[PDB]
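# with the input below, show me the fold.
(8 chains, ligands or ions: 10)
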Amino acid sequence: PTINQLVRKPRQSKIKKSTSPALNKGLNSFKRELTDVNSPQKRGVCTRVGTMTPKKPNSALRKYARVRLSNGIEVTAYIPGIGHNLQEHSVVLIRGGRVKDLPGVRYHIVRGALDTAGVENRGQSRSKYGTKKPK
Amino acid sequence: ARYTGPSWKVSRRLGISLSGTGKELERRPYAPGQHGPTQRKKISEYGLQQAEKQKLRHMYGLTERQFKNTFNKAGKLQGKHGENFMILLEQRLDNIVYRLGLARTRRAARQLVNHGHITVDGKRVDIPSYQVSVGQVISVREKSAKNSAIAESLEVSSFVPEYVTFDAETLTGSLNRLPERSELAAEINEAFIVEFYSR
Amino acid sequence: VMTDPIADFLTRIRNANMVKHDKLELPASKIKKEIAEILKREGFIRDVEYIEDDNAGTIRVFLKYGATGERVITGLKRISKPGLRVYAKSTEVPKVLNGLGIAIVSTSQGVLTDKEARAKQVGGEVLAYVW
Amino acid sequence: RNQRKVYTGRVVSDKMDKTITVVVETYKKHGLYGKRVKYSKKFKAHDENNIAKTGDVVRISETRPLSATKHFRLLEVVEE
Amino acid sequence: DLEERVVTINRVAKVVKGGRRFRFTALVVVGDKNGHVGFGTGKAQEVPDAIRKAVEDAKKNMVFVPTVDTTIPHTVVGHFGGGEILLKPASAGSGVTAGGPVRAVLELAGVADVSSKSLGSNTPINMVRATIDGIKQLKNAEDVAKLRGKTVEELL
Amino acid sequence: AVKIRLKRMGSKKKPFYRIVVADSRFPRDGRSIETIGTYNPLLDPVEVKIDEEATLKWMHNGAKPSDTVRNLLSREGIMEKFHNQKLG
RNA sequence: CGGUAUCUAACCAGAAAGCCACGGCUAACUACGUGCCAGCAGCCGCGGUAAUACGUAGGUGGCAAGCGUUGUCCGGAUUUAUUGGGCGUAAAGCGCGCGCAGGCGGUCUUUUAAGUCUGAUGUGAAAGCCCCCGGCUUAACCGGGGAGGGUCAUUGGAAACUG
RNA sequence: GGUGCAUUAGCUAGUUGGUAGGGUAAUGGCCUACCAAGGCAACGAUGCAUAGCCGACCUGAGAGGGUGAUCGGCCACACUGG
Ligand SMILES: [Mg+2]
Ligand SMILES: [Mg+2]
Ligand SMILES: [Mg+2]
Ligand SMILES: [Mg+2]
Ligand SMILES: [Mg+2]
Ligand SMILES: [Mg+2]
Ligand SMILES: [Mg+2]
Ligand SMILES: [Mg+2]
Ligand SMILES: [Mg+2]
Ligand SMILES: [Mg+2]
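Numbers count the residues shown, from 1 in each chain, chains lettered A, B, ... in the order given. Ligands and ions are numbered 1, 2, ... in the order given. See the structure here:
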């Protein structure tokens, strides 16, 4: 566009969007409003657990969960590691990171921070899955 | 020192004669590990300019975090960016101890200084990172002058570099003039280092 | 010459350069005069002649080629366009092709190439690049 | 002594009593593309005798505040 | 007295009436450090024999580059195909700053300091074409003086 | 009520002061009218530098120095001079 | 603060290393267990009984009192393109005219100096980035000196180009 | 001189100017009585939403883009309103 056609209306860039929208909200219990902050993790409580089937072409069975966050939003998260000890209505710590296979789930539970215990028998790559040093 | 591991793997994996010549690559020059004695794979250019970055800091055995800081400090110095960083990194008093022969190796010189065995201009200095400038004096503090190791390490005395002056009668030394790259080891290129950090 | 008779003038040189022509003529003006004389001072033009006419006269320009069929004027670019005028301060007059090229400046003391405008410490509108 | 700022401009209206509004149209390099854009803001002056007429060119000077907005006084009617 | 270096090896295939048949195409660039460089293409059924056929092509497209003060004289842009690359001189000792297959021609040519940037497409066959086009517009100081009837001092 | 005073700069347990003029109401190291000189108490023969001309015109304008600053000028030999212009 | 900094003298290698990764991007490979299960995943995608991609073990690579994961911002992104993009077929020329405001405007001469360029004066605090020296056993840090930073103001000049 | 929204087009009635007087440290519709009907806005008035401002900090080759914590200057507030 010519310069004059560029001074009547300027160039406005795009607006890139967040990929983890439930980790950048906040609830003010006094006024009942959704604050706009940022936060690496949020605490939540479980509503229902279980398993889901992966999308094509993968054909395993994956352990998922549905959690109600501190800001009152209910979403679905993924349980990593080999097995879990997650009963219904337990406090968990959630974090970002999607999984390609399962369609709906976007968040990703931390292992070892809360009710979720450390994965059993991890000899390497142990900083994740939260298991102490086998002294 | 700072890396307290076996002294030969790093020298031969690196494809050079680290810390002198031929002591560690004399026999079984295959690269370390279960493999390495099998075959060599053509190194991608990223490997070319990374391993040769390793051929510098591994030569002096200093942790990386200050390899930047010396490199960054060397950038402000006028001249050629790659060459000066080699020059400045040669001014550490470990070399100035190792070059004079007061220590058999480099890592011994670091262990020598850290226990405060030397004094620059007659004052004790405790750290290997001090850089010495032209016209300074390096003595041995006249405390452990009769220790067997130091006199023994002066017996080899392969070839004292031109750009330093020394005598064992009074155990003194100095830096006559700024070295000139060629006077260094300079067996490695310097351009493949500057490229790596200008990524 | 609808809007810019200097932008047109540069183009008329470049078009006839591409096809390896030798002579070209075009209507004359006071500003077109010395801009055609400057190019003679650096050999970019073999020579220039003026013609008197009834309306305003024309100017005939003899374009120059080096032997072995190599062109001499390899391009032209305009900077002060009528839609967007540009002015350059004394210290910020650029050098074209690290001094191999030439730029034209209409300083306060007549049209001048920046070889001496920087030497005379003046600035003004920047007319064109030649390289 | 120190002098107040003195401007020029063109008369725009006189429907207000004993005061006139004059525009001062000047150029200004744009923010980013560097294109001169006609920028014009209009002040309010003072006329003791209402001599100045619409469409005239004058020179006005800053002064003490005199009304809610009136803070310039006329110096001379440059032309009609 | 040249120092050929390989750039990319593809694996192309054409479909026949019974199935598919594969062949290998390799791009190599050849030069000596003086300033003479060239590039060539090849195609064969076996990769070791694809490279050898490629070099003999490249030895026919030698080109020269001006190297005043161990650096290109002035900035220039090469604009072949969908790939555009600009080259501009660097300060002494900086080193060659270039993409993947555009430093390859520069290292072989024998230039020590130069900057660059590949503003066009990223197909390696078109980067080498653009760069070779880039250097044609690159002139020594005296050649310009010969054409314009001047000498060196007034130009610089 | 402009008073000559000091201004604490430097690392902990290594003070380095400035001879600076200021209004009495403003903070210790906040706004200041004009800097005069430094004063280093680390070295045994103290390091003192002052304008010795600008302060003279300030004192004729009504600045009363601080207790320790008053000692610095005397040991500097410049308080005696101010005793010699007031007779004029 | 505080018998804090520091110095001196005696004793013992003894009391002091972990985290991530190893198919490509990307530096770094084998054996066993499992067999579209358990599982990994930043993208390509790995697993259906001979896995350099799952789990463990040996070895190697990276970095180091730290190493990884998540979150926010800039870059690569010429992916809002003034410097620095386009519209036949890839998204992109309104269905087409008459036209207000606006934007731009053939050749020459004289004049004005709003734009334009330039000289001087004042001012743009201190700390901060940069540069030059000096102090902390070195560095971090801390000092002194300068430079820059304005579509800044007053005043004097130039008249080629725009008005 | 420095923010978005036009899926936000008109706003203002002490308003805009004038004659006297009142009130303050001071000029002033700051206020009063009277006179006239003006003043602002597509060069974004009005309304809505968001936000303390700057020296500076992070990034970038540069132009630019994001932020205004600690340190310094200016402003506003002190449980909410007068
Ligand atoms: Mg450290
Ligand atoms: Mg006056
Ligand atoms: Mg594995
Ligand atoms: Mg961009
Ligand atoms: Mg179609
Ligand atoms: Mg289409
Ligand atoms: Mg049409
Ligand atoms: Mg300052
Ligand atoms: Mg607020
Ligand atoms: Mg960029």
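
# what helix or strand is residue A:108 located in?
Per DSSP states H and E, residue A:108 falls inside strand A:107-109.

# in its sheet, which strands sit next to that strand, and in what direction?
Strand A:107-109 has its sheet partners listed here by DSSP bridges as strand A:74-78 (parallel), strand A:91-95 (antiparallel).

# tell me which of these lies nearest to RNA strand H.
strand A:91-95 (22.9 Å; CB to the nearest atom of the strand). In this view, the C-beta of every residue, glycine as well, is placed from N, C-alpha and C.

# rewinding a little: redo the strands paired with strand A:107-109 as a markdown table? Include mean neighbour count.
Listed next are the strands paired with strand A:107-109 as a markdown table, based on neighbours: other CB atoms under 10 Å in any protein chain shown:
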| stretch | mean neighbour count |
| --- | --- |
| strand A:74-78 | 19 |
| strand A:91-95 | 18 |
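
# save these as TSV, and put in distance to residue B:193 too.
Formatted as TSV, the strands paired with strand A:107-109 follow (distance: least, CB to CB, whole Å):
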stretch	distance to residue B:193
strand A:74-78	44
strand A:91-95	39
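
# do you know which of the ones you listed lies nearest residue B:67?
Nearest to residue B:67, of all those, is strand A:91-95, at 33.8 Å by CB to CB.

# would you put the C-alpha positions of the closest one in PDB?
C-alpha atoms of strand A:91-95 as PDB (Å, rounded to 0.1, in the frame of the first residue of the first chain):
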ATOM      1  CA  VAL A  91      -5.900 -32.600  45.700                       C
ATOM      2  CA  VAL A  92      -3.500 -32.600  42.800                       C
ATOM      3  CA  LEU A  93      -1.100 -30.200  41.200                       C
ATOM      4  CA  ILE A  94      -1.500 -29.500  37.500                       C
ATOM      5  CA  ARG A  95       0.700 -28.100  34.800                       C
END
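
# how about the nearest residue to residue 77, chain neighbours excluded?
In the absence of a named chain, this looks at chain A. residue A:107 (4.3 Å; CB to CB, 6 or more residues apart in numbering or on different chains).

# you looked at the wrong chain, it should be chain C
Nearest non-adjacent residue to residue C:77, counting by CB to CB, 6+ apart: residue C:129, 4.5 Å away.

# can you pull the contacts of the one you found?
Each residue near residue C:129 by CB atoms under 8 Å, 6 or more residues apart in numbering or on different chains is listed here: C:76, C:77, C:78, C:79, C:96, C:101, C:102, C:103.

# and the gap between the first one and residue E:74?
Residue C:76 sits 17 Å away from residue E:74 when distances are taken as CB to CB, to the nearest Å.

# does residue F:19 really touch residue F:40, like I thought?
No: counting by CB atoms under 8 Å, residue F:19 stays clear of residue F:40, with 11.1 Å between them.

# please enumerate the strands of the chain.
Defaulting to chain A. A:26-28, A:33-35, A:42-52, A:62-69, A:74-78, A:91-95, A:107-109 (DSSP state E).

# my bad, the chain I had in mind was chain F
Using DSSP E, the strands found in chain F span residues F:8-9, F:16-21, F:34-40, F:47-48.

# list the contacts of the strand holding residue A:108.
With CB under 8 Å, 6+ apart as the test, strand A:107-109 has contacts from A:20, A:22-23, A:65, A:67, A:75-80, A:92-99, A:116.

# again, but for stretch C:103-121
The contact list for stretch C:103-121 (CB under 8 Å, 6+ apart) reads C:31, C:34-35, C:38, C:88, C:90, C:93-96, C:102, C:122-130, E:154.

# just the buried residues of those.
Among the contacts of stretch C:103-121, those classed as buried by 16 or more other CB atoms under 10 Å in any protein chain shown are C:35, C:38, C:88, C:93, C:96, C:102, C:122-124, C:126-130.

# and for residue 108, the neighbour number?
Picked chain A for this. Residue A:108 sits with 17 neighbouring residues when counted by other CB atoms under 10 Å in any protein chain shown.

# that's the other chain; I wanted chain E
Residue E:108: 22 surrounding residues under other CB under 10 Å.

# mind listing what it touches?
Applying CB under 8 Å, 6+ apart to residue E:108 gives the contacts E:3, E:5, E:29, E:30, E:31, E:32, E:33, E:37.

# and what of residue B:82?
B:190, B:191, B:193, B:194, E:93, E:95.

# repeat for residue D:70
If you count contacts by CB under 8 Å, 6+ apart, residue D:70 has them with D:19, D:44, D:45, D:46.

# secondary structure, neighbour count and distance to residue A:128 added to the residues you listed, as JSON lines?
Shown next, in JSON lines, are these (DSSP: H, G, I helix; E, B strand; the rest coil; neighbours: other CB atoms under 10 Å in any protein chain shown; distance: CB to CB, whole Å):
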{"residue": "D:19", "secondary structure": "coil", "neighbour count": "21", "distance to residue A:128": "78"}
{"residue": "D:44", "secondary structure": "strand", "neighbour count": "19", "distance to residue A:128": "72"}
{"residue": "D:45", "secondary structure": "coil", "neighbour count": "24", "distance to residue A:128": "76"}
{"residue": "D:46", "secondary structure": "coil", "neighbour count": "17", "distance to residue A:128": "79"}
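
# farthest-apart pair in the residues you listed, please.
D:44 and D:46 (8.1 Å).

# what sits in contact with each of these two?
Common contacts of residue D:44 and residue D:46 (CB under 8 Å, 6+ apart): D:19, D:70, D:72.

# for chain C, what spans make up the strands?
Using DSSP E, the strands of chain C run over C:23-27, C:45-51, C:58-63, C:65-66, C:70-71, C:76-78, C:87-88, C:102-107, C:110-113, C:124-130.

# which residue is nearest the centroid of chain E?
Residue closest to the average C-alpha location in chain E (CA atoms, centre = their mean): residue E:105, at 4.0 Å.

# for that one, helix, strand, or coil?
Using DSSP: H, G, I helix; E, B strand; the rest coil, the structure places residue E:105 in helix.

# quick check: it vs residue E:75, distance?
Taking CB to CB as the measure, residue E:105 falls 17 Å from residue E:75.

# now do stretch E:94-107: distance from first to last residue.
With CA to CA, to the nearest Å as the measure, stretch E:94-107 spans 14 Å from end to end.

# for ligand 2, what's its nearest residue on chain D.
residue D:1 (2.9 Å; CB to the ion).
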